[PDB]
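Participant: Chain order of the listed sequences is A and B. Taken in order, the first sequence gives residues 25 to 304; the numbers are from the authors' numbering. Taken in order, the second sequence gives residues 25 to 304; the numbers are from the authors' numbering.
Protein chains: 2
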Amino acid sequence: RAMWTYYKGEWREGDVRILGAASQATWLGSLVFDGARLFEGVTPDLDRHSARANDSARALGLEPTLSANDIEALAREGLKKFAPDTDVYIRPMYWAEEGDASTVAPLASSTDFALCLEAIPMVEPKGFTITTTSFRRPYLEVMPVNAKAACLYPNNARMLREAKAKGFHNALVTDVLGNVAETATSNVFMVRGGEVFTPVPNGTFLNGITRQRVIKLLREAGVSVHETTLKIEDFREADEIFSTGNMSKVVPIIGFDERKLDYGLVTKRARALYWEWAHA
Amino acid sequence: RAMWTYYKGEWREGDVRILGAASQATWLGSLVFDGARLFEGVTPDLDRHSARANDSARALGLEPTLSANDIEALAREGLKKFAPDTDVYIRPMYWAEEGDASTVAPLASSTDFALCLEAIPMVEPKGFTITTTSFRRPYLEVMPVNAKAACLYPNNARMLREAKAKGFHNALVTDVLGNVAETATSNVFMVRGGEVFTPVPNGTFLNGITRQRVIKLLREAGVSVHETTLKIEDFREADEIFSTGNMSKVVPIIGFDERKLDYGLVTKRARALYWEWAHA
């Protein structure tokens with residue numbers, strides 16, 4: 025429950041109201057965000073997550089108010105406000121307060137910032153199940169998909185609602201071509217014949233920072249990782265399925281519709297490799 | 025600058041911060057809104073706009089807290105707080121404060137409400153110009169487009185930015201099939217041979233409340249109105265082009281790229297007919 029938010033030059037505790045009833049971002053959707061993690065005393069790829077927040081802001085027509093180093097430095101300061109050995113979820117946020125002459129389009133100079141830190145214990149994942157969804161990923165021509173932006177997630181939400189209705193935690197999501205992109209909440213991986221396969225980045229989903237780190241570590245450990253075009257059929261044949269993302273880094277997928285799947289060895293190795301590097 | 029906002033059972037003037045740093049809606053995009061208008065002492069179709077706010081909410085997985093009559097009554101109470109002869113933009117808003125077990129999907133029971141009234145002068149339009157845009161309308165398969173939702177507008181923002189880059193106010197927007205849908209901010213109409221043509225609803229754009237009113241009134245005045253598929257070429261050859269929407273109701277489009285167009289006679293009839301009905 026413990027929470028600290030940096031807003032208007034001050035660290036503030038608890039619930040901090042940051043968006044106004046007449047803020048452009050509030051009803052016209054310009055807010056972007058990212059996510060880093062403090063756990064077991066370390067903050068892996070905090071620098072990369074800090075940098076992407078600025079990228080996402082610019083991708084949404086905002087003008088980021090802090091350098092990547094500023095955000096990282098501020099994050100580390102905020103973490104100090106927590107009790108020792110407290111795991112924290114770090115969410116930087118940019119948004120426009122005003123619109124330009126068109127009202128709908130953001131006035132870049134009106135960009136504001138907030139950094140929200142929430143105490144969330146880092147727990148070993150028990151894994152989750154997946155099913156298909158009737159909805160698909162958008163693409164750049166119809167949504168700003170090249171950004172970690174709030175406006176993209178109601179799509180993810182309805183997919184999750186659908187999955188939940190069907191008795192599953194999450195959904196395996198395809199792009200408009202019918203090729204697997206990711207889950208409704210995170211990048212997806214599969215293991216087949218001792219090899220790791222993951223959807224090739226094509227811009228319809230975020231090429232996750234955790235994803236890249238895991239690929240890098242797996243290949244360094246001698247594991248073959250293929251970034252290629254994957255279909256639903258490929259995941260039907262998987263020996264293992266897992267996901268990567270900021271909150272828990274590496275999470276097993278223990279069910280795909282009627283096929284139950286074990287928490288696999290290669291997934292466990294991936295997670296082990298991440299933790300080694302994080303504490304190196 | 026004058027503003028009155030109803031939030032947590034209380035009216036407050038000026039800037040009211042309604043969305044929290046950790047509100048689900050803030051970084052996951054679940055806020056919906058509508059827009060009605062007070063001008064010259066009347067609030068045409070306030071009831072329809074109030075009702076659609078609940079529709080959009082359910083379309084975003086929210087559970088609206090107020091009936092349409094409740095929303096309208098509140099608006100009428102708030103409007104009394106403004107100085108006489110003040111034109112007001114009326115914006116009801118729904119959003120989720122919490123997410124469910126998935127974090128990303130909104131917890132319907134955590135739906136909250138705010139009604140923001142902004143004094144915005146109703147100006148007699150001189151008309152605006154349009155150009156084409158590289159971006160397209162999304163569709164139901166890839167976004168929850170069946171709602172007046174904040175998450176749908178950063179796409180429109182890109183359209184406006186692109187239009188501004190080419191030296192025009194607004195964009196004439198097509199769906200993925202390549203057919204004209206609307207403008208980046210409002211429904212579009214054209215006039216040809218004394219007949220009115222407007223894009224047929226196909227789910228890629230909002231069937232505006234103003235749009236429906238103008239169609240109804242024109243037909244009652246003996247004007248032929250066609251809801252058909254229109255291409256860019258149709259607007260290239262149009263005798264008149266105009267737009268409808270809550271903000272200014274009926275507005276002429278006086279330019280399509282290099283081609284200037286007059287504020288046409290049928291457009292003037294539409295606006296006159298709207299104002300007549302509005303003051304009835």
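Backbone N, C-alpha and C fix where the C-beta goes; we use that ideal spot for every residue, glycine too.
Could you check where the beta strand (DSSP E) with residue 303 of chain B kicks off and where it finishes?
Facilitator: Element bounds for residue 303 of chain B: n/a, residue is neither H nor E.
Participant: Any contact between the region 58-68 of chain B and the region 104-117 of chain B? By contact I mean 3 or more CB pairs, one from each, below 8 angstroms.
Facilitator: yes
Participant: Residue 52 of chain A CB to nearest chain B CB: under 7 angstroms?
Facilitator: yes
Participant: Would you tell me roughly how many angstroms separate the C-alpha atoms of residue 251 of chain B and residue 63 of chain B, rounded to the nearest one?
Facilitator: 29 angstroms
Participant: Go to residue 201 of chain B, then tell me how far its beta strand (DSSP E) extends in each direction, as first and last residue.
Facilitator: Careful: residue 201 of chain B lies outside any beta strand (DSSP E) and carries neither H nor E.
Participant: Taking C-beta pairs closer than 8 angstroms, name the residues in chain B that residue 42 of chain A reaches, listed in chain order.
Facilitator: 41, 43, 44, 45 and 50
Participant: Suppose you measure from the CA of residue 47 of chain B to the CA of residue 187 of chain B; what does that come to, to the nearest Å?
Facilitator: Straight through space, the alpha carbons of residue 187 of chain B and residue 47 of chain B are spaced by roughly 34 angstroms.
Participant: Hey, is residue 146 of chain A's beta-carbon within less than 7 angstroms of any beta-carbon in chain B?
Facilitator: Judged by the 7 angstroms Cβ criterion, residue 146 of chain A is not in contact with chain B.
Participant: In this structure, does DSSP put residue 33 of chain A in helix, strand or coil?
Facilitator: coil
Participant: Does the beta-carbon of residue 121 of chain A have 16 or more other beta-carbons within 10 angstroms, so that it is buried, or is it exposed?
Facilitator: buried
Participant: Quick check on DSSP: helix, strand or coil for residue 77 of chain A?
Facilitator: It is helical.
Participant: So, using beta-carbon positions, are residue 213 of chain B and residue 254 of chain B closer together than 7 angstroms?
Facilitator: no
Participant: Is it true that the region 188-197 of chain A meets the region 87-102 of chain A, where meeting means three or more beta-carbon pairs spaced less than 8 angstroms apart?
Facilitator: no
Participant: Among the candidates B:290, B:270, B:293 and B:215, whose CA atom is the shortest distance from the CA of residue 259 of chain B?
Facilitator: When each option's Cα is compared against that of residue 259 of chain B, the closest is B:215.
Participant: Considering residue 136 of chain A, what are the terminal residues of the beta strand (DSSP E) in which it resides?
Facilitator: 135-143
Participant: Taking only beta carbons into account, state which residues of the region 83-99 of chain B come closer than 9 angstroms to chain A, listed in chain order.
Facilitator: 84 and 85
Participant: Please confirm if the region 217-232 of chain A is in contact with the region 275-287 of chain A, defined as three or more CB-CB distances below 8 angstroms between the two stretches.
Facilitator: no
Participant: Tell me which same chain residues have a C-beta within less than 7 angstroms of the C-beta of residue 123 of chain A, skipping the five on either side of it?
Facilitator: Beyond the five residues adjoining it in sequence on each side, residue 123 of chain A comes within less than 7 angstroms, by CB distance, of 48, 52, 129, 130 and 131 in the same chain, given in chain order.
Participant: Check the Cβ of residue 292 of chain A against every Cβ in chain B and list those closer than 7 angstroms, keeping chain order.
Facilitator: Result: empty, since nearest Cβ-Cβ is about 24 angstroms, beyond 7 angstroms.
Participant: Taking DSSP's pairing of strands, which residues face residue 61 of chain B in a bridge?
Facilitator: B:113
Participant: Taking 6 angstroms as the cut-off, does the CB of residue 52 of chain A come closer than this to any heavy atom belonging to the ligand ADP?
Facilitator: In the structure on display, the ligand ADP does not appear, and there are no ligands present to speak of.
Participant: Which residue from B:208, B:166 and B:157 puts its Cα closest to that of residue 180 of chain B?
Facilitator: B:208
Participant: Between the alpha carbons of residue 172 of chain A and residue 240 of chain B, how many angstroms are there, rounded?
Facilitator: 42 angstroms
Participant: Which residues does DSSP pair with residue 50 of chain A in a beta bridge?
Facilitator: DSSP, once it has assigned bridges, lists no residue as partnering residue 50 of chain A.
Participant: Determine, using beta-carbon pairs with one atom in the region 286-298 of chain B and one in the region 261-269 of chain B, whether at least three such pairs fall under 8 angstroms.
Facilitator: yes
Participant: Just to confirm the assignment, what range does the alpha helix (DSSP H) spanning residue 103 of chain A have?
Facilitator: Element bounds for residue 103 of chain A: 92-103.
Participant: Residues in its own chain within less than 7 angstroms of residue 230 of chain A by CB, not counting five upstream and five downstream?
Facilitator: 172
Participant: Can the beta-carbon of residue 45 of chain B be found closer than 7 angstroms to that of residue 40 of chain A?
Facilitator: Yes; because the gap between Cβ atoms is below 7 angstroms, this pair is in contact.
Participant: Helix, strand or coil: how does DSSP classify residue 215 of chain A here?
Facilitator: strand
Participant: Per DSSP, residue 162 of chain A forms a beta bridge with which residues?
Facilitator: DSSP lists no partner for residue 162 of chain A.
Participant: Of the residues that make up the region 161-179 of chain A, which ones have a beta carbon closer than 8 angstroms to any beta carbon in chain B?
Facilitator: Those residues of the region 161-179 of chain A that come within reach of chain B (Cβ to Cβ, closer than 8 angstroms) are 161, 162, 163, 165, 166, 167, 168, 173, 174, 175, 176, 177, 178 and 179.
Participant: Can you list the residues of chain B that residue 184 of chain A reaches, using a CB-CB cut of under 7 angstroms?
Facilitator: 126, 128 and 129
Participant: Please classify residue 270 of chain A as buried or exposed, where buried requires at least 16 other C-beta atoms within 10 Å of its C-beta.
Facilitator: buried
Participant: Buried or exposed, going by whether 16 or more other CB atoms sit within 10 Å of the CB of residue 97 of chain B?
Facilitator: Flag for residue 97 of chain B reads exposed.
Participant: Cα-Cα, which of B:166, B:161 and B:190 is closest to residue 201 of chain B?
Facilitator: B:161
Participant: List the endpoints of the continuous beta strand (DSSP E) containing residue 178 of chain B.
Facilitator: Residue range 177-189 is occupied by the alpha helix (DSSP H) that includes residue 178 of chain B, with no beta strand (DSSP E) assigned at that position.
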